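First, one chain by itself in structure tokens, the form deposited in one PDB entry.
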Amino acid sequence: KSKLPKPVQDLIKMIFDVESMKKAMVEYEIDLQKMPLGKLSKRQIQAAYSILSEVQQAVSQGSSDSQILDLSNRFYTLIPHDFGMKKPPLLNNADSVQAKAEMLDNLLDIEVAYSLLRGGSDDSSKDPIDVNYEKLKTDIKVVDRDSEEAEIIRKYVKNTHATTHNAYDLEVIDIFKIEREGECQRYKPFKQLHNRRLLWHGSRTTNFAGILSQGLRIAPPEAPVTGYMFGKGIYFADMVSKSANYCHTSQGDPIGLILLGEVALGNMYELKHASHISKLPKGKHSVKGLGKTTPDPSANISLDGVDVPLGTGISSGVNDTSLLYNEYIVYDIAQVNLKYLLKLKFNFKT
């Protein structure tokens, strides 16, 4: 019978929920019959990634228009879809592969979750909830609702909700202090690096077994580049709202998980438009996508040598940028130390 607190157990249940994995594969219009979660293999997901890479290649660099067809065919063969009577869309443009790349990105973390979940031995003195918690290799302490942390974190949530993301409201349900096994040592060199900021990373609940057990990761070479305004990196926002939208919560499932991450931003390569450099200029350690609105500098609180940008949104200088709001990207997974995981309730508009 579990030691773990009520909120933590609920979290463990939530991220190891086989049904949410299933639901999300359905949303992506995968064929569950030809492919169950058990069959979901790491090998094909990486193989299917390579096929995605063979497309995008060709297309505007080659393009046989019948080899493209065989490729699209090798894809849905590998990852069986179920459009029913409609046939799958041929993978013949960038926008087309972005969508299927993003999906593999999720199946990857889903495979991680289910692998984790159905792995291990049942010594069974401790109930599965204890077991599954230990599979995450992360310490998770509940942050007291009435503390100073909790109030700053809630202020960060309240103040940085964007003017144009008003399709819902955010209520913090639980706040977790998190410590990934080994991440301190990993982050250790970047701790001396200046300009360190507590920033938002939103993702779907089905990625958290993966995110907690392995950290925020970077897309490998086998993957495309489309949609990536600043390359293959780990992205963050200073507005809870920019990040929440990537939880992919609906009126039907209104509860989301978001991360607070300390990120060692160093000298930021400040940008206004999508240049895929990926290789920074020397003495630059991150990219900051400049936006029209920014959190308010006069309120950037500092704790334990780390900037919390809980200024409410005001006019940034920036003129002639495509960016909604700011956006921070690093290209080395070690520049990130996860600090908090928040259970968010999305209270949907009207």
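From 1 onward, residues are counted along the sequence shown. Take the two forms, find the largest set of C-alpha atoms that superpose within 1.5 Å, and that set is the rigid core.
> Between 207 to 215 and 129 to 137, point out the one with the higher average CA B-factor as the PDB entry records it.
The entry gives the higher C-alpha B-factor average to 129 to 137.
> Tell me which of 338 to 346 and 17 to 25 has the higher mean C-alpha B-factor in the deposited entry.
Per the deposited B-factors, the answer is 17 to 25.
> Per the entry's Cα B factor values, which of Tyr246, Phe83, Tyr187, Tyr168 stands out as the maximum?
The record points to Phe83.
> Between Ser302, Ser298, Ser286, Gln46, which one tops the list for C-alpha B-factor in the PDB entry?
If I rank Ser302, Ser298, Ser286, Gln46 by C-alpha B-factor, first place goes to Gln46.
> With respect to C-alpha B-factor, does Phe230 fall in the lowest, middle or highest third of the chain as deposited?
Middle third by C-alpha B-factor.
> Please rank the C-alpha B-factors of the chain's modelled residues and tell me whether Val112 sits in the lowest, middle or highest third.
Its C-alpha B-factor belongs to the middle third of this chain's values.
> Considering every modelled residue of the chain and its Cα B-factor in the PDB entry, is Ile277 in the lowest, middle or highest third?
Tercile = highest for this residue's CA B-factor.
> Considering only modelled residues of the same chain, in which third does the CA B-factor of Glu262 rank: lowest, middle or highest?
Lowest third of the chain for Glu262's C-alpha B-factor.
> Where does the C-alpha B-factor of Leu37 rank in its chain, lowest, middle or highest third?
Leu37: CA B-factor falls in the highest third of its chain.
The same protein has a further form, the form deposited in another entry, not shown here; the description that follows concerns it.
> If you fit the two forms on their rigid core, which residue out of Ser250, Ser124, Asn166, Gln185 shows a CA shift of at least 2 Å between this form and the one not shown?
One residue passes the 2 Å cut-off, namely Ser124.
> Does the distance between the two CA positions of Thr226 reach 2 Å or more between this form and the one not shown, the core being superposed?
After core superposition, the C-alpha of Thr226 moves 2 Å or more between this form and the one not shown.
> 2 Å or more on the CA of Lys87 between this form and the one not shown, with the rigid core superposed, yes or no?
Yes; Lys87 is a residue whose C-alpha shifts (by 2 Å or more) between this form and the one not shown when the cores are overlaid.
> Inspect the rigid-core superposition and answer whether the C-alpha of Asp296 shifts by 2 angstroms or more between this form and the one not shown.
After core superposition, the displacement of the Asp296 C-alpha between this form and the one not shown stays below 2 Å, so no.
> Since the Cα separation of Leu323 and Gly227 moves by 3 Å or more in that other deposited form, tell me which way: closer or farther than here.
Their C-alpha distance grows by at least 3 Å in that other deposited form.
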